Structure formats: structure tokens, C-alpha cells
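Only one chain is given next, in C-alpha cells, and it is the form deposited in one PDB entry.
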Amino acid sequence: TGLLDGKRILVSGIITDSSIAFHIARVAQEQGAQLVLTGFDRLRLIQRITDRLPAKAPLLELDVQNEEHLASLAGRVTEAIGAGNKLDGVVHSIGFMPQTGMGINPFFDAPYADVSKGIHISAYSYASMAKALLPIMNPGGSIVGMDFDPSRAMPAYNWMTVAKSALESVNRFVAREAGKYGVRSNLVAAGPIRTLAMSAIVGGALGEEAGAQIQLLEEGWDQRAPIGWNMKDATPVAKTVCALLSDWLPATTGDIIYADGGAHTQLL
């Protein structure tokens, strides 16, 4: 008997089999959830990736910058899960920032057109997904997004840090709106996981400093985490998200759960 038996959950943000969203979906399925997946831009590729999941699941296009995709999303989900059924959970596992807002590119040289795009996708879209999907969510349901602790500044993450600070504020407002429907909204602040975004976005922006990134991640997380931290294992983050999709954190909303091995609780 699974933790998410007969729960219908939408999971956004799969692009490879390392994606945090991919492992969220895998664990959600292992625990009995029926999924609907959304993907951006490269749907042929994403389709081959989602075939490696333990179960088949419908896949829908969603570019969170596209008003038409958002306006139609609720309709397309209803059609995929059966007319008269609703969602019990929604997972926002999406982010973007142009190269200029990251890495060794100077912080002050990022033009606002680039920063604005990153905040649109990384923070505002949390509200636009909730707006589109709350009308088809059941009471008891849960919305979850992915965060990276932005309360202190750090090298390289630069304007993505600013986007996450924004996302944290958005989550608290979404929680107010979602409360009317009996729905929780929370973020999971994950420790670092090797994914495409880590490597191509953050690691690409670092140039020949990429060694520096690993060293910092080692300092900031495995060394600090009292139970350690393994950047090649997304399972603990995925389980944490499933905990929030479940009935087992029923009194938590507008909040942030840290799945970082405890690193943020330790100074060194």
C-alpha cells in the first residue's frame, strides 16, 4: 500500500533522467500515484525519457511563458485524467536563467531583459501554474515547488538567487490563494543534485572555473550536513517531495522544507 495510492499528480520539469522531476515522478509512481507529466520545448526527447519511468503517463506541452499553454492546461489535464476527476498534487520543478545572470559573468552586467526572463520562468510561473490548476484540484491537495536556499548570497548563483528569493515570497502568497480550495503550497529547498541545469546552466556559466563549483558544493553541503550529502542521489529529495504530496504533512503550508542533509543548520 503506497504513500500516494490513487492520487493524481501533475509533474512538470523533466528533461533528462537526472532531472529532479524525473526522480520525483519515479518515486511518486512507485508509491501508487497516477501521473500527468508536462514538458518544455523538446517533447520528442522528453517522451523517450519518460518511457524509462516505471509506468506510462500522458505528457503535455507546457512552456510557462506561453499564455495559451496556460489557458488550455486545465482543459488538457482534465482530458488526460478523465472528465470529472481532479488533481491531488502538482509539482513545479522548473527554472531558468540566462548565462549573463550566472557564473563568472559579472553580476552587474546582466541586463534586466535577461533577469526578467529568469524570474518569469523560475518564480512567477509558480503562481501561473497554481492559477491554472487550483480550479481542478481536490481539497487535501498539495502544490510543491523546488527551491535552493537563497537567504545568503553565494558565488555564481547570482541572479538565480534573486529569483529563488522571489519564489519563496510567491509561495507564501500562493498558499493564501490555495487555502481557499483546501490546498497546501510548499517548497522543497534541495541540496545540490547533478542535473542538466547544474552543469549546463551553472557549470557552463563558470567556464574554466567548473572545478570551483564542485569544491564549493562540497564545502557548503557534504561537509556541513550532519548526515552527509550525495550530489548523485536525487532519491532523498524526491521522497521529501512525495512526503509533501501525501496526507502526512497536512498542517504545513506557505513553507519551506529543507532536503539538504541538514547543511543549512550548520555554520561549518
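All residue numbers refer to positions in the sequence shown, first residue = 1. Whichever C-alpha set is largest while still superposing within 1.5 Å between the two forms counts as the rigid core.
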query = 3-11 versus 257-265: which one carries the higher mean Cα B factor per the record?
reply = 3-11
query = As stated in the PDB record, which stretch has the larger average Cα B-factor, 238-246 or 32-40?
reply = 32-40
inquiry  = Checking the record values for 122, 151, 78, 158, which has the greatest CA B factor?
reply    = 78
inquiry  = Among the choices 27, 206, 227, 216, identify the one whose CA B-factor in the record is greatest.
reply    = 206
query = Lowest, middle or highest third of the chain for the C-alpha temperature factor of residue 104?
reply = middle
key: Third assignment of residue 58 from its chain's C-alpha B-factors   = highest
query = Is the Cα B-factor recorded for residue 73 in the lowest, middle or highest third of its chain?
reply = highest
message = Is residue 194 in the lowest, middle or highest third of its chain when residues are ranked by C-alpha B-factor?
response = middle
query = Based on the entry's values, in what third of the chain does the Cα temperature factor of residue 118 lie: lowest, middle or highest?
reply = middle
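The discussion below concerns the form deposited in another entry, not included here.
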task = State which of the options 210, 43, 231, 55 undergoes a Cα shift of 2 Å or more between the shown form and the other one, taking the core as fixed.
result = 210
message = Please determine whether the C-alpha atom of residue 201 is displaced by 2 Å or more between the shown form and the other one following superposition on the rigid core.
response = yes
ask   = For residue 222, is the CA shift between the shown form and the other one at least 2 Å following rigid-core superposition?
value = no
note = Shown form as baseline, in the other entry, CA residue 210-residue 161 shift of 3 Å or more puts them closer
request  = Report the direction of the Cα distance change between residue 202 and residue 153 in the other entry, compared with the displayed form, as closer or farther; the change is 3 Å or more.
outcome  = farther
